[PDB]
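Let's start with one chain on its own, the form deposited in one PDB entry, as structure tokens.
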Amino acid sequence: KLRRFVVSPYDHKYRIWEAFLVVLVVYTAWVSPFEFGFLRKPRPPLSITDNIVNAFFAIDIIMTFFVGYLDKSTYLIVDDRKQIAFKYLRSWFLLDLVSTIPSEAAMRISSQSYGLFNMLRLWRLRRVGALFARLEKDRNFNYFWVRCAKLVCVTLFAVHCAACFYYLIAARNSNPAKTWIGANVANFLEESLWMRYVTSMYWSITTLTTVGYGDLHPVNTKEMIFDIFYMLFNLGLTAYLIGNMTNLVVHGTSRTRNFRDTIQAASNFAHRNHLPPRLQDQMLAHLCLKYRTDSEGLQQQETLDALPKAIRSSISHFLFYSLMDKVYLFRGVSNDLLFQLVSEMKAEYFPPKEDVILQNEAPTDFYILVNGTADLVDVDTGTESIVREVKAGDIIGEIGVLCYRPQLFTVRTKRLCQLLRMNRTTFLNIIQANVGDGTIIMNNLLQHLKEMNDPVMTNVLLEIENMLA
């Protein structure tokens, strides 16, 4: 909400009027050069429908005294009346007023101004450029076709205004039979205005595209000099289009590059030894997944790190705080302190049949599995049978990090599973803050090892109570 009698620039009513002036700009982008080159007085069929547009643009220059502008240093939308004006007047108000006087006025001060005056209205093209500069940054718009539509209007405009100048040079020549157009057609000054405009637009397009048939070409020095600069412009413009379409091509298929070679090199190597298909599908299943889970990890990690911990601690508080109470070890801890743990649990992804935590782990971190099924196995004499199959809700690596011993087992994954992480020194640093809970997680830690009837890991239970001793 803003002050009375002020419209915000982001209003939808407004932004649907702004996009309507752009079609009026494409209109003057055509008519202004065409009048400059082909006309000398405001003839009716175009004077009428040009004083109209000079009202829709007069309406606008007053309708930006009631339009707030987003301040930049404070990102506030200014709605101070006497401050909007002083910014307008200081920036554009002069031009936008000058480029709206009807041509019939400038005619009265000097008959020789119709052409040049109407060329001032090309100042309105600043709205087209401001529009394109916004669409590329938008996300609901294909960056390809937006970058292509801007290349089209640029080259359609240069082709058109060049044709209008190069005809002007021939029209205001002293005697016309020595012009570039007077060479072919005898009396081009009597031909229809549609023929003349098509001819010059056709010379212009075949010089820009470097076809250069050579039927129409400069004949005297005035024309040769304009052409020298036109042909130079096109050399840069052409190199600019080719450079822009290469970048739209080699940077549109720039990801699938190092994902096909590998898949190729995979089955390539596979068929150099024609090993059975029962595993062909098995490995490529992992090749694609491990490409997925790292893309997902990378994207999530990058967006999560670019946010303040006052907000990122609301995502990691909305995704996990529910299943952070079913963990057997945190049952009974103060509700607030648990918030501090959930705020710091970097969720990592994992492709199936991979080892998250291996035997004799240096005590670094313990995980929490939010979804998927992981299975437990220990190493002994080189034969390893499954121990347990932990699924969503339980904790693994939980002991060795607490009692500062090497981790006792090794966890593997069966499906692509997502796991939380918790470095030891952080989780350790958190408890010494609120020590009023640091005892509670210790007993229900122990009550865990007693609620289980496993004999050889309750072995790992008695030597810790002499650690208590």
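So that the term is clear: the rigid core is the largest set of C-alpha atoms that superpose within 1.5 Å between two forms. The first residue of the shown sequence is 1; numbering continues from there.
The same protein also exists as the form deposited in another entry; that form is not shown, yet it is the one meant from here on.
Once the two forms are fitted on their rigid core, between the shown form and the other one the CA displacement reaches 2 Å or more only for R292 among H217, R292, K222, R172. When the rigid core is held fixed, the Cα atom of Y404 travels 2 angstroms or more between the shown form and the other one. Once both forms are fitted on their rigid core, the CA atom of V435 lies 2 Å or more apart between the shown form and the other one. A displacement of 2 angstroms or greater separates the C-alpha positions of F366 between the shown form and the other one, with the rigid core held in common.
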